[PDB]
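Peer 1:
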Amino acid sequence: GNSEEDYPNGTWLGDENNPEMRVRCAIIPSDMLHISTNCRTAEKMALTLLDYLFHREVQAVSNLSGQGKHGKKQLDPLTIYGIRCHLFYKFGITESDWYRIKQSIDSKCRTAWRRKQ
Ligand SMILES: [Br-]
Ligand SMILES: [Cl-]
Ligand SMILES: [Cl-]
Numbered sequence: 207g208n209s210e211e212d213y214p215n216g217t218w219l220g221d222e223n224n225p226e227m228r229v230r231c232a233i234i235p236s237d238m239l240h241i242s243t244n245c246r247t248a249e250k251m252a253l254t255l256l257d258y259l260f261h262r263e264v265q266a267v268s269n270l271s272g273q274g275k276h277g278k279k280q281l282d283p284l285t286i287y288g289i290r291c292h293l294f295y296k297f298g299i300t301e302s303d304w305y306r307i308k309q310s311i312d313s314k315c316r317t318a319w320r321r322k323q
C-alpha cells in the first residue's frame, strides 16, 4: 500500500510518521501490536508478517526474486520493503541481517510449495 485508503482498517508497516519508510497493509491495529510484542526476533517477526500479508497459496507460487523452475511470482515488492522498514524500526536490522531474513522468507515459500505436494 502506498496510501491509507488501500487498507482503511489496516496499519502502516514501518512508521507512519516517515513517508519514505512506510507501507500500508491489511494487518489490523491490534494484530500489529500482538506481532510487535510476541515476535521477539527479526526473523520470527518477518515470517509472521509474511503469513499475515500473503496467503499460503500465494507463498507456494512466489519468492522474493520471482524466479523458479517453472516460474515464481515476485512477492509484492512494496510490501517486502514495508517488512524491511518494520524490522528496522523494531530491531535495527543491518544489510547482512536483511540478506539472511530474505533467505528465511524464501525458505518459508519453498516449504509452502512442498506442503502442497
Ligand atoms: Br527491500
Ligand atoms: Cl500500537
Ligand atoms: Cl512457531
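As numbered in the entry's author numbering, residues 207 to 323 make up the sequence shown, in order. Note that beta-carbon positions come from the ideal geometry of N, C-alpha and C, so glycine has one too.
Buried or exposed: which applies to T243, given that a residue is buried once 16 or more other Cβ atoms fall within 10 Å of its Cβ?
Peer 2: Exposed, by the Cβ-count rule.
Peer 1: I'd like the list of long-range same chain contacts for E210, defined as Cβ closer than 7 Å, with 5 residues on each side in sequence excluded.
Peer 2: Same-chain partners within the cutoff: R230.
Peer 1: Is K296 helix, strand or coil by DSSP?
Peer 2: The answer is helix: DSSP assigns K296 an H, G or I state.
Peer 1: Count Cβ pairs between the region 212-221 and the region 289-309 that sit closer than 8 Å; are there 3 or more?
Peer 2: Touching, yes, given that three or more Cβ pairs across the two stretches are closer than 8 Å.
Peer 1: Considering only C-alpha positions, which residue in the set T254, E263, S236 and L239 is nearest to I286?
Peer 2: With distances taken between Cα atoms, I286 lies closest to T254.
Peer 1: When you compare each of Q309, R316, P225 and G207 to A266 by their alpha carbons, which one comes out closest?
Peer 2: Nearest C-alpha to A266: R316.
Peer 1: Does the Cβ of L255 lie closer than 7 Å to at least one heavy atom of ligand 2?
Peer 2: Every heavy atom of ligand 2 is 7 Å or more from the Cβ of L255, so no.
Peer 1: Consider the C-beta atom of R290 and the heavy atoms of ligand 1; say whether any pair is separated by less than 7 Å.
Peer 2: Yes - ligand 1 has a heavy atom lying nearer than 7 Å to the Cβ of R290.
Peer 1: Name the DSSP bridge partner or partners of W319?
Peer 2: DSSP output for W319 lists no bridge partner at all.
Peer 1: Under 8 Å, do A252 and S310 count as touching if we go by C-beta distance?
Peer 2: Contact flag set, yes.
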